[PDB]
Amino acid sequence: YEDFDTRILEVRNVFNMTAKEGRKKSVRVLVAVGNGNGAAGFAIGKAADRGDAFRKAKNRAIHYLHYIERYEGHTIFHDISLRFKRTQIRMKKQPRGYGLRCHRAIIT
Amino acid sequence: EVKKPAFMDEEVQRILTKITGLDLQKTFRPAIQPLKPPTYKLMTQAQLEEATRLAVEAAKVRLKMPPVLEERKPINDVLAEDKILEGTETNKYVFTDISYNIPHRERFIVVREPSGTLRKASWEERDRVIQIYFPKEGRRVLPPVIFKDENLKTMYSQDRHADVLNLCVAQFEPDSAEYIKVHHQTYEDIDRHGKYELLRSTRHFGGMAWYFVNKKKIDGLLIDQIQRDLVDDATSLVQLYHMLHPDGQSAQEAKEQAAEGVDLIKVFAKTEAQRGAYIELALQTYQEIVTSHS
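Residues numbered from 1 in each chain as written, not as in the entry; some residues may be left out. Chains lettered and ligands numbered in written order. Part of a larger assembly, values for the part shown. Heavy atoms only, no water.

- Its PDB header attributes the entry to cryo-EM and lists the resolution as 3.09 Å.

- The name the PDB entry gives chain B is 28S ribosomal protein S22, mitochondrial, with Mus musculus as the organism.
- Listed as the entry title in the PDB record is "Mouse mitochondrial ribosome small subunit lacking m5U modification".
- Under the heading Subunit, UniProt records this for chain B: "Component of the mitochondrial ribosome small subunit (28S) which comprises a 12S rRNA and about 30 distinct proteins."
- Turning to chain B, the UniProt record has this under Sequence similarities: "Belongs to the mitochondrion-specific ribosomal protein mS22 family." (UniProt positions renumbered as here; feature names shortened; annotations may be inferred.)

- Looking at the PDB entry, one finds chain A named 28S ribosomal protein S5, mitochondrial and attributed to Mus musculus.

As structure tokens, then:
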């Protein structure tokens, strides 16, 4: 999968209380993958070590590859407005040379 | 006397429009300018054909040819000679009437010289001051430097003749010497290098063919029109050449033989063509290809 690149979107140190260890820490990593040519996916990997959480998310996300339709290979086909749970997103189709003007995560 | 055909004669505009041609893809080629997100409409085949019709109407107004005029005559009129004011001023005064509702060619622009002579402003002075007070988008107060022969040759190397002419129309007046100089230089470079296709489906093709006809050098355009299978255009060019030169041997030969269609082009080769041998060869080869294939 050399044509795919992986990007990190969040690294969190969550905690689970245990009788043996009291506070135990895990690394929850959200990553995204894509080949820059329409195919991309994301996954969450959790582990006690950060390096392991990176591998888990990185190889898990390759199993959830969406294909995203691009108008002429540079933009979305039309405006897109949606609410996912309590997050609202309002995307707009733009002409060439406009560039990405989006949330840093959306740029990634 | 049979009137000499004009550029705006309804007959000349018909022939010049035909040979120029139309191409909605070339006429409406995308402009490299600030862009906006496109709009989209769902249309039937009837609606789509209607939209193409309006596009062709706009391409007609877009291809309207710019005027072809004779060089203006220098303005040399002295309104007054008040010698009492000789030696009292070091620099000329330029007075411009800026009344809004006067045509620019009917405005009074006078110059009071240091000697005291009150004279009418020259053509170069008139155009400069009218830019300062009635500025035109595209035009600059002082002559640009792109029109210098070295700079113009660079634009020709890049095959940017339609721009050299679009710039010559925004800056200079149709009857000015600079306008005629730049146009005649652009048209001359197209001929030598056979770059007639650059100005097809453009408003500048008519003036170019006009210039060749008046200067009796349509030979190259006929050879190039024939090699592109535009032999209806080549015949119409020979009609325009037989219209602006009625007493020419070629026009009298076509009357004698009542030639039409491909005959008109053959008559031109024998009678008045500078390079008749090639016109027949290209015309013959075209006939061979058409006959052999179809």
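Brief notes about the overall build of chain B
Here is step 1: The helix and strand tally for chain B stands at 13 helices and four strands.
Here is step 2: Against the globule reference of 19 Å for 294 residues, chain B gives a C-alpha radius of gyration of 24 Å, more extended than a compact globule.
Here is step 3: The principal-axis extent of the C-alpha atoms belonging to chain B is close to 85 × 60 × 40 Å.
Here is step 4: The 294 residues of chain B split such that 37% are buried.
Here is step 5: Considering only contacts within chain B whose residues lie at least 6 apart along the sequence, 63% involve residues at least 24 apart.
Here is step 6: With an accessible surface of roughly 18,600 Å², chain B has 53% of that area assigned to carbon and sulfur atoms.
Here is step 7: The distance from the centre of the 42 positive side-chain charges to the centre of the 46 negative ones in chain B is 4 Å. (Helix = DSSP H or I, 4+ residues; strand = E, 2+ residues; numbered from the N terminus. Rg over C-alpha atoms; globule rule 2.2 N^0.38 Å. Buried < 20%, exposed > 50% of the residue type's maximum accessible area, 1.4 Å probe, protein only. Contact = heavy atoms within 4.5 Å. Areas by Shrake-Rupley, 256 points an atom, 1.4 Å probe, with all protein chains shown as cover. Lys, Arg positive; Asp, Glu negative; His and termini not counted. Charge placed at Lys NZ, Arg CZ, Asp CG, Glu CD.)

Structural notes on the environment of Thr271 of chain B
Residue and element names in this part refer to chain B.
Here is step 1: Relative to the helices and strands, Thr271 is located in helix α12 (residues 262-271).
Here is step 2: According to the relative accessible area criterion, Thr271 is buried, its value standing at 18%.
Here is step 3: For the pair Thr271 and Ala251, spaced 20 residues apart in the sequence, the C-alpha separation amounts to 9.0 Å.
Here is step 4: Here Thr271 is in contact with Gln249, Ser250 and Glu253, once residues within four sequence places are set aside.
Here is step 5: Engagement of the side chain of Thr271 in a polar contact is seen with the backbone oxygen of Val267, the distance being 2.8 Å. (Polar contact = N/O pair within 3.5 Å; in protein donor to acceptor, adjacent residues only side chain to side chain.)

Structural notes on the sheet that holds strand β4 (residues 117-120) of chain B
Strands in a sheet are paired, the pairing made by backbone hydrogen bonds, and the direction either parallel or antiparallel.
Residues and elements named next belong to chain B.
Here is step 1: Spatially, β1-β4-β3-β2 is the arrangement adopted by the four strands of the open sheet, whose pairing is antiparallel. Each end of this open sheet is capped by a strand with a single partner; those strands are β1 (78-81) and β2 (93-96). Averaged over all pairs of adjacent strands, the angle between strand axes in this sheet comes to 15°, irrespective of strand direction. (Pairing = 2+ DSSP bridges. Axes fitted to C-alpha atoms, helices over the stretch in contact; angles between N-to-C directions.)

Topic: the pairing of strand β5 (residues 80-84) of chain A
Residue and element names in this part refer to chain A.
Here is step 1: Little of β5 sits out of view: just zero of its five residues are buried.
Here is step 2: The pairing of β5 with strand β6 (residues 87-91) spans five bridges and is antiparallel. Among the inter-strand pairings, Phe84 is bridged to a residue of β6, identified as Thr87.
Here is step 3: From the end of β5 to the start of β6, which pair antiparallel, there are two residues, and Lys85 there has a positive phi angle of about 55°.

Digging into the interface of chain A and chain B
Here is step 1: Between chain A and chain B, the residue contacts involve four residues of the former and five residues of the latter.
Here is step 2: Taking both sides of the interface into account, the surface hidden between chain A and chain B amounts to around 370 Å²; carbon and sulfur atoms contribute 64%.
Here is step 3: Sorting the residues of chain A by area buried against chain B places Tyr71, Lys93 and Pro95 of chain A first, and these three jointly supply 82% of that buried surface.
Here is step 4: Viewed at the interface, chain B and chain A are joined by zero salt bridges.
Here is step 5: Applying the counting rule to chain A against chain B returns one residue pair in polar contact.
Here is step 6: Grouping the amino acids of the side of chain A that touches chain B by side-chain chemistry returns two nonpolar, no polar and two charged. (Buried area = accessible area lost by both parts, 1.4 Å probe. Salt bridge = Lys/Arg side-chain N within 4 Å of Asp/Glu carboxyl O. Nonpolar A, V, L, I, M, F, W, Y, C, P; charged D, E, K, R; others polar.)

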